[PDB]
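Working notes, structure below.
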Amino acid sequence: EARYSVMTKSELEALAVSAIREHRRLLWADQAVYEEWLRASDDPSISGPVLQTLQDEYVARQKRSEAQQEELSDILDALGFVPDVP
Amino acid sequence: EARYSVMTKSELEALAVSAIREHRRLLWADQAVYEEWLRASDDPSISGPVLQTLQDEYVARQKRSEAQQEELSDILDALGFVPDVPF
Amino acid sequence: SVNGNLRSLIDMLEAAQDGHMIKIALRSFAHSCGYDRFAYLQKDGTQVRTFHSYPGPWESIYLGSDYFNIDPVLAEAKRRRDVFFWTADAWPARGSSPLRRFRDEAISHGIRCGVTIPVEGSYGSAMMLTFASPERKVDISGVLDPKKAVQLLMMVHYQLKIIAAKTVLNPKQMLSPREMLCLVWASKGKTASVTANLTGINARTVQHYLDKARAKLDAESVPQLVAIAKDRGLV
Amino acid sequence: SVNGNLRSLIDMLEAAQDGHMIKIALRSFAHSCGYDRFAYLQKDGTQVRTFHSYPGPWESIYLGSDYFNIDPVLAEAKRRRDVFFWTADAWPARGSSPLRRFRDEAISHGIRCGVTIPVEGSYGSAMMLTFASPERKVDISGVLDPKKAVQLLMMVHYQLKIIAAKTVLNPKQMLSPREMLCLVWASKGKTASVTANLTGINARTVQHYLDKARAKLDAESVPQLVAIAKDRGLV
Ligand SMILES: CCCCCC(=O)CC(=O)N[C@H]1CCOC1=O
Ligand SMILES: CCCCCC(=O)CC(=O)N[C@H]1CCOC1=O
């Protein structure tokens, strides 16, 4: 709450842009693991053990993704707006 | 083995007509359990033991089904044709 | 009594049926030794998996800011492979480095000292179990039997793998990462447009993903979607 | 080096999906360290379980004599917690005691010396991993890392439990009742119409079920479906 408020607008903007880039990089990475899990659960050629690994990946990534999103949300709050990320 | 050869056409036909109905009955019942087993596992709620009970019933039924179907096939071979049995 | 409490923990872990029971057992051990928190961490590549009793907000910060690459404890764990004591009161600051920020934030969250049990797993996987305290010098590394500490770490590792195996999720019923991000931003008060600008997902597609999220969780509206997601611990 | 082969064993065990693979992994490690056979033993109060590569004739004698009660190796294993070297050479060679007969037989079966890794588990349970050799003295107890030794014992222990577990089949991977019947009648040379007439399943839906069966078994044609089903013992 006060972790970011103490920074100036120009310091926050730089952090936000960087955090938004990570937010998107993680999204593309996680969505791909999920599609492989979804595909595998319908492929009779995959064993339960291999399938369980994909399930655990999805779960670990979900927790990390929420954490990074919470960190970005707090930055946004102190910044006041959503910067453009090219 | 081939004691169906010593049976008359009338005996064989009766055996086939009742073996066909039995065949159809097991199918209906077995399909129901499989679908239920399909549903139960599809639920992350149902425990492991309750999912195993359904698996065993499936493995058991599939076994009797094979035995029953093989027998019907032998009767039909000795008969020489497939009798028409209503639904 | 440390090693005695350890043998007792080992028995408690064997009878533990779920994650909650493991936490209770680990927490009791922690208290008996003078600590108040524990953390199990597994790291493969850039992927970190945890099971701990550290405060929720610290997990968001640690996992969300990739502190795994700056934490002196993970660094210590791979430089040496045996039980060790560590204290933030040993990572000098004298500046505003990312290291001082990490140290001060850990302290503000009650993590000041601890003992860590490090184990190198298969395929370069790293795992460790640590007990932390907000006080300055709670050190049991001198009396903890090394072989028994490793045993405990392996038990925790496999018990968790076994409990994870008890639940087989069907991806068709789980929200995709896409739907998930849109659901969290909505729960944070962002419109479809603000969400699109954050995620890179088109504004109209965002609304479509929320609709899919609703069908998967049987919600009639987004406020309900959020309600059901909260109840299930999804978010 | 011993630890280099141990790190390899650890990776191999992680990848083991069944007992056969675990046995091959443990055999590779044993060979690399200068040993020939290995044996994992678990004692839970009364019952005793083992996973080993000792010769068949020696196992029948061992069980058919309850040699567990006299094996100096087991008695010593619970008498200590470090990796130790043992040799049948230190046991009675003359006289008529039961150990003298145990000595002669063990050696006649190639189990002359070895190193054992002992670990006390939960509830007083006892576990141990031994590597044996028909030779005079092959002793790695002085180079093997105590902590890794325990890690290895723990993996083998849990790996074996995660196998002794029930079969557990996946409905999606099994042929459904109506699918199995269409396939069997097809293998009997019946057409879709005769199959329908027999099972009650509609004619045009028969080919639909056959295509479904092919997908589950990964067959490009009905004749291949029959060949696969025959090989898996389903028809
Ligand atoms: C989010 C849970 C993180 C667990 C991290 C871990 O295993 C090692 C550790 O104790 N790091 C300590 C030191 C300063 O803060 C910590 O948390
Ligand atoms: C046959 C399975 C028995 C395994 C026994 C074991 O773990 C300990 C051991 O190596 N005892 C040795 C010493 C002489 O014979 C043995 O077998």
Side-chain angles (χ1 to χ4, degrees), chain A residues 1 3-4 14-49 51-77 82 85-86, chain D residues 10-25 155-156 158-180 182-183 208-222 224-235:
Chain A
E1 20 71 65
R3 325 204 306 97
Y4 291 110
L15 290 177
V17 173
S18 167
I20 291 179
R21 280 201 175 79
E22 187 60 353
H23 183 54
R24 296 169 180 173
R25 188 191 72 63
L26 296 175
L27 167 67
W28 305 330
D30 302 348
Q31 181 62 35
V33 167
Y34 172 74
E35 293 170 319
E36 173 168 47
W37 181 32
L38 178 53
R39 190 204 99 294
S41 74
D42 273 49
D43 187 3
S45 307
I46 300 300
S47 59
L51 213 303
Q52 188 61 52
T53 291
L54 280 166
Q55 180 174 312
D56 294 329
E57 245 274 71
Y58 166 81
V59 180
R61 284 165 174 281
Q62 182 172 296
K63 185 185 303 180
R64 177 192 182 176
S65 167
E66 274 168 41
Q68 197 277 332
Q69 187 169 190
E70 271 287 343
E71 264 303 84
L72 171 56
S73 179
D74 286 321
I75 287 172
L76 294 183
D77 273 37
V82 178
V85 187
Chain D
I10 282 174
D11 283 1
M12 288 312 284
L13 282 177
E14 169 74 314
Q17 298 302 303
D18 55 54
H20 170 63
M21 286 182 86
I22 288 181
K23 167 134 63 187
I24 290 174
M155 291 191 175
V156 171
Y158 279 110
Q159 231 65 60
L160 290 180
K161 287 217 303 168
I162 307 174
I163 288 179
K166 294 178 180 175
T167 57
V168 183
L169 301 176
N170 179 32
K172 299 183 177 185
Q173 295 189 53
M174 308 301 116
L175 290 167
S176 72
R178 86 280 174 177
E179 280 162 358
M180 183 73 272
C182 286
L183 169 65
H208 169 282
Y209 289 130
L210 286 172
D211 303 338
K212 296 288 294 301
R214 292 212 309 286
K216 288 180 181 168
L217 302 195
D218 205 296
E220 307 306 318
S221 70
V222 185
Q224 191 181 190
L225 180 53
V226 182
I228 297 302
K230 287 288 184 182
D231 292 321
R232 294 187 186 188
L234 315 187
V235 64

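Worth knowing before you read on, the calculation uses all heavy atoms, side chains too, and leaves out hydrogens, waters and symmetry mates. In what follows, every chain begins at residue 1, and chains take the letters A, B, ... in the order their sequences are listed.
The NZ atom of D/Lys216 sits 13.5 Å away from the CG atom of A/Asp43 when rounded to the nearest 0.5 Å.
The two atoms that bring D/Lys172 and A/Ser41 nearest to each other are NZ-O, 3.4 Å, heavy atoms only. Of all heavy-atom pairs between D/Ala215 and A/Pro44, the closest is O-CG, 3.5 Å.
When heavy atoms are compared at a cutoff of 4.5 Å, D/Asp218 approaches chain A solely by way of its side chain, counted from C-beta outward. Only the side chain of A/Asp42 has a heavy atom closer than 4.5 Å to any heavy atom of chain D.
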